[PDB]
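Okay, so here's the structure we're looking at.
Using ideal geometry, Cβ is built from the backbone for each residue, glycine included, and neighbour counts are taken over all protein chains shown. Taken together, the values in this text are just the output of simple stated rules run on the coordinates, not laboratory data.
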RNA sequence: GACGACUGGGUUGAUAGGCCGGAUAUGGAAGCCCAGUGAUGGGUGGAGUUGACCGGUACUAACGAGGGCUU
RNA sequence: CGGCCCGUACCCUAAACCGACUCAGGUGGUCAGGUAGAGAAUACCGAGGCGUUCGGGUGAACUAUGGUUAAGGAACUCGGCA
RNA sequence: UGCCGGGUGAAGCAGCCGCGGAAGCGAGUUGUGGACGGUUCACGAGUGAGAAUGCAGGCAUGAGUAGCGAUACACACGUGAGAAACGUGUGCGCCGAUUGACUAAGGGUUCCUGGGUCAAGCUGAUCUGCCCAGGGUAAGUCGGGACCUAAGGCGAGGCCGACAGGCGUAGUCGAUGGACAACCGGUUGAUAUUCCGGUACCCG
RNA sequence: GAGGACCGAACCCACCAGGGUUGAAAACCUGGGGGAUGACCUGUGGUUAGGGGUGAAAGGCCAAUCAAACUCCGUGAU
RNA sequence: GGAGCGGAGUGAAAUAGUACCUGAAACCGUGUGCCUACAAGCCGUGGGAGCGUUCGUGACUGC
């Protein structure tokens, strides 16, 4: 019953996103929302916003309204287009700073 | 401390100005060789 | 000090595994 | 109350005194405030001591409370509205409840209120 | 005790705070009265304030077995 | 009755100028209150302004800026450097 | 140049199965791809890279590490999808020969209103000196020009110099100086010695 | 009531120490320190240009570069 | 909230979606077969048991 959504170009570094997505692999869909709800990390907000699209797609598109037999089948974060800007530092030099992005994908399947 | 560029428009038009470039024939070559190279701002 | 060599993939990943969040 | 180990709240010993004094001002003004967990723990013994002094009620104690809360209006309510309420209760005048972490700096917050 | 960790307690509860008392520390509160032209002094009174030390007191907050085989 | 042209916003001991930066630096001149004090020093205030430009805790070693040290008093050190 | 292939799927890329003594090959095959290739004999070469502290682009390691740029903010309410940072109120602290109010130089629209939160802000943002649209600077008396000249510059003729060019007279420019007539109060979101009110002054 | 006079803020400077040293800063910060009516400091406008300028003289300074600046050209120098 | 995405639709083709023909390598992930916590390793090579969606891995041992 694989239904999935994903957010692309989400402005949070891939490692910081993986820190949270590695909690929500293979648990009940609702039980995963109740974990991202009470999660200190700031990446848990975009991730839970994608976890809700997956359930919304499962209910609407494929007519699996009951969102309690679902578990996270797949969830992974892919690298995204990095932005590059500079920073003035001591003695006239400049060090680069990369503002990384990520592509978060979540897949819910029936148990 | 005090850096090596204190802007002053008056003193930058009496030194690199167009009127000054047209006074010395050595300076009119600078103007002409910038016209031929195609620059937009032809003199300071 | 400065890194003497590029850290091998095995050694890099041994460490980043330790940078994990805890289930609430 | 016993002093704090380690770094003082607000970055200085002077700031701490005025910080805890004004928090007590607000707690008596509204009866309940939401603030950082560490600040709530420091504020409990200070506020409870002030209530103890207000229970006695005499002019001398009113000076003593005034050394901490410079506001005469707040002290009036403390001696004439709050202290009568706690006439019978022997201590433990404040209740501390933990809430979720704050957004932005993930500081653990808490509610401290006067026990009804 | 850097953080983990270690130790004790978790309503069958004195773990911490508060509240009562002590011990300590300073050293004679505020108000009132008396004396003095005044600065000040005397009485009420080893007073008032007071943290960590001490005794009381519930008022506040307390994943993990089903035993391999051979001799 | 006529009296022309340019400037007139905004910043200016600075987040808008010169330093590549919202940079602990530099930037001519004018205004200049109260109390103590000789004073434009210094302490607290006025007119007026600021608290936004990463935070919350936690008594580790250690580093830096401050503070106090019994008895001795340069015995330290190249040197009373601090 | 002769002979051939191609929407019945060419080049290129990724495999699988075979082949050669090497550089390598397959008119074998599969997937991707979607319009150009194979081969005989010759002919030409910007014809083969792993190193030059080589050059350009992308991406790693150091590492979720150092730093986040000099003293204090707290609470209540509000807006809001979301608030430690945005608004309002209260309190507390700091500057105050200045963390206040102006001006020249410089900058050049950063000023005001409304809207936005993708890029920027060493976090955050509903906020911004950011982005978009619109608006805003009023002079007979303020500063300067139409008045004067200093240091100095240019310079008709002119002198000197092979050429280029150097100097300089009359003159003409050149404020940082001289001469010259307006003060108080009010107003807008943004301007005021400029507009408005009162009373003045100067030249024709 | 004179002074290249005395003490001492502004202003100019940089003797000592600590910090900073991939810094807040390609020369600064903190506390002391020197001059502080003069050979002083400073604004505006001028002016001296490379084997040359200027220099109370250190080969110092001449746009973060000076025992001979910088740019283009000879030039693909050797 | 938006961004973005899942269905749907256009298209011959939507991992051709205005970040867009082809889409290599470095680099980053998910799943999966094997090995790996008494071991000294220019990380390969010869011998070799075992396990498994000739092939993949490689206990142990020689160089």
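Okay, residues lined up against (1) part of a helix (DSSP H, G or I); (2) crowded, with 17+ Cβ neighbours inside 10 Å; (3) away from RNA strand I (no atom under 16 Å from the Cβ):
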site	(1), (2), (3)
D:23	yes, yes, yes
D:38	yes, no, yes
D:42	yes, yes, yes
D:46	yes, yes, yes
D:54	yes, yes, yes
D:70	no, no, yes
D:79	yes, yes, yes
Exercise for the section: Under 6 Å between Cβ atoms, at least 6 apart or on separate chains: pull out the pairs that start in the stretch A:38-52 with a residue that is in contact (Cβ under 8 Å) with a residue 12 or more places away in the chain and end on any residue that is in a helix (DSSP H, G or I) and surrounded by fewer than 18 Cβ atoms within 10 Å (Cβ to Cβ). Expected result: A:43/A:16
Exercise for the section: For the stretch A:20-47, name all the residues that are part of a helix (DSSP H, G or I) and surrounded by fewer than 20 Cβ atoms within 10 Å (Cβ to Cβ). Expected result: A:30, A:31, A:33, A:34, A:35, A:37, A:45, A:46
Problem - Matching entry among A:46, A:40, A:14 (being at negative phi, away from RNA strand F (no atom under 16 Å from the Cβ) and within 14 Å of chain C (Cβ to nearest Cβ)) - result: A:14
Practice task
Go through the residues of the stretch D:92-106 one by one and say whether even a single one is farther than 30 Å from residue A:43 by Cβ, in a loop (DSSP other than H, G, I, E, B) and touching a helix residue (DSSP H, G or I) at 6+ places or on another chain (Cβ under 9 Å).
Solution key: yes
Completion exercise
When (1) within 16 Å of RNA strand F (Cβ to nearest atom); (2) touching a strand residue (DSSP E or B) at 6+ places or on another chain (Cβ under 6 Å) are applied to residue D:9, the one that fails is (2)
Exercise for the section: Answer yes or no as to whether residue A:93 is surrounded by fewer than 17 Cβ atoms within 10 Å (Cβ to Cβ), within 15 Å of RNA strand G (Cβ to nearest atom) and under 17 Å from the mean Cα position of the chain (by Cα). Expected result: no
